[PDB]
């Protein structure tokens, strides 16, 4: 059976530059550096590496807190350049594949599950962690991430909402991202974390995730705590291209999103959407549970050779947030 991801706490009462240090000390930084060094060489184009290396300090002015400070803190503790630490944190914003599911059972309770896939040789499975971010000793929100990565592709605000992000690949990622960063747009995984931290309820989270300027396109899957509180937000950098909510009155008790626009067919080369829908159809609304979602997310090719982890969560039952490493 897949093992649960290591769980750690991160205190938001500590300043950004030191928050992650207690967590980093549990890891072999030789492994982390080797992994970060590999990603730069593998995922960052040469012209980007040259450019950011020279202008990182000018770019830092336009980046938001506390993300820069947390990256700066990981710079010093690992003897890595600020440019390289920033680049790795941007490299994982793209080339990440996913399946996200938000669904409503017969009682109107909301369930949320997702797979995250990375199609390159990696040590992400060894660096995946569930993190509880604390304010005054209390859990403000929970997220799943990789050691050294300050954004959240997956997270939960207890008794409020759950969020997962799927990449929306429209090409020219680095060209548009750099220009967007200098215009104070933010990474898609950083917006998820900022939403988990700030938004007071599901409705407010959907608004913030739908409208905040981004450096790239993305799909945001959001689940709430009341019946019908589930939505797929298809984003472009400036705003929402499409808002796709649960619609039980019309028989739509789930929404599936992989990495493609739902109003178009999934590509024949990569049709994880069809498999997920059939498994949900076979499971049935009456049998929907977090465990049932985990089983759906274990069906090939929804579950595939590149799957890093599987997360199931329900904001109404925050204690059930569970991330399991796949293919370990």
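Residue numbers count along the first chain shown, from 1.
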Problem - Stretch exceeding the other in mean C-alpha B-factor - 36-44, 297-305 - result: 36-44
Completion exercise
Of 78-86 and 112-120, the stretch with the higher mean C-alpha B-factor in the deposited entry is 78-86
Handout entry: Residue with maximal Cα B-factor (values as given in the PDB entry) among 158, 187, 155, 171
Key = 171
Completion exercise
Among the modelled residues of its chain, the C-alpha B-factor of residue 126 falls in the third labelled highest
Problem - Chain thirds of CA B-factor: placement of residue 92 - result: highest
Practice task
Sort the modelled residues of this chain by their C-alpha B factor and say whether residue 228 lands in the lowest, middle or highest third.
Solution key: lowest
Completion exercise
On the chain's distribution of Cα B-factors, residue 72 falls within the third called highest
Exercise for the section: Determine, from the deposited record, the chain-internal third of the Cα B-factor for residue 318: lowest, middle or highest. Expected result: middle
